[PDB]
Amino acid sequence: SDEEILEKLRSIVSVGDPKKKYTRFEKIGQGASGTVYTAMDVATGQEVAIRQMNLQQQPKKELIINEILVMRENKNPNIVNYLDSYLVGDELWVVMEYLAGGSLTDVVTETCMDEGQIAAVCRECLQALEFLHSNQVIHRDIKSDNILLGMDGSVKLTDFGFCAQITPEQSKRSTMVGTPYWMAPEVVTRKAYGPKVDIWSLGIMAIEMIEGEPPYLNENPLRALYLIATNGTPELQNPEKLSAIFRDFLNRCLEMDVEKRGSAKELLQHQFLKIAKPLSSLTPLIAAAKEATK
């Protein structure tokens, strides 16, 4: 109910008008999720990203409440920091830390990462996933777009608009919520998947870092999902260019057998991650991709 939603949100948010607390507003995006602005915290001078939403044009308000509650109670160095929220009439504001280095999508579409840089990004993402999975949260929409980058090469995961909270009673899910190209095959072949769907999606993200795109990107999304379920583990265009340890890591992420697929905890121990360059190594790619995308 619309009234029940507003009151629940009222209990969650800080009181008052956020316009008193933030200045220097500039639109940096707009879409189905609302409008995003950069702004300046008037008190601390921190640059923030504010997501503005009119609740009259949100079809699934249950998901935004869940989104904020999960962010609030699952803070992590590798998760984009949720700062505050406000509600003024029908206008919901979600305040996030701003990462000035864009997304991983910008990096993979505009630059060519080396294995040391890829290992660093995979490590950081797996740190976020281990934490989420150990707290019974499945992200369910892991993809380069949801990996945001600091100018210092910080690597942070965001968008909890699609996440699932699981329990030992109900350890598995069936809803197909993720972006098709990054979806694990079991999401379509069965009606029971768990946390390792995020691991499969990370493997697809590693293919992005290698080849610039997920497999089947050019295909209709409806075809892609049929392609995933029938082709299984996707084939690299030039597997011979990769080190043996990186090939092993990819195979453990993209394993068809869910039991055999690596968990986040296990994969943090993988020797591919040990070739990681300092995160500072990403700064030139971040700067290059930033300049290339305006």
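For every residue, the number given is its place in the sequence shown, counted from 1.
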Item to check | Given 59-67 and 31-39, the range whose Cα B-factors average higher in the PDB entry | outcome: 31-39
Checklist entry - If you average the CA temperature factors over each stretch, which comes out higher, 78-86 or 175-183? => result 175-183
Checklist entry - For the listed residues 255, 266, 248, 26, which one has the largest C-alpha B-factor as given in the deposited model? => result 26
Checklist outcome for this item: Listed options 169, 91, 106, 114: highest C-alpha B factor recorded at 169
Next on the checklist: Using only modelled residues of the chain, where does the Cα B factor of residue 145 rank: lowest third, middle third or highest third?
Outcome noted: middle
Item to check | residue 278 - Cα temperature factor, lowest/middle/highest third of chain | outcome: lowest
Next on the checklist: Quick check on the deposited entry: does the C-alpha B-factor of residue 152 sit in the lowest, middle or highest third of its chain?
Outcome noted: middle
Checklist entry - Considering only modelled residues of the same chain, in which third does the CA B-factor of residue 220 rank: lowest, middle or highest? => result highest
Next on the checklist: Where does the C-alpha B-factor of residue 201 rank in its chain, lowest, middle or highest third?
Outcome noted: lowest
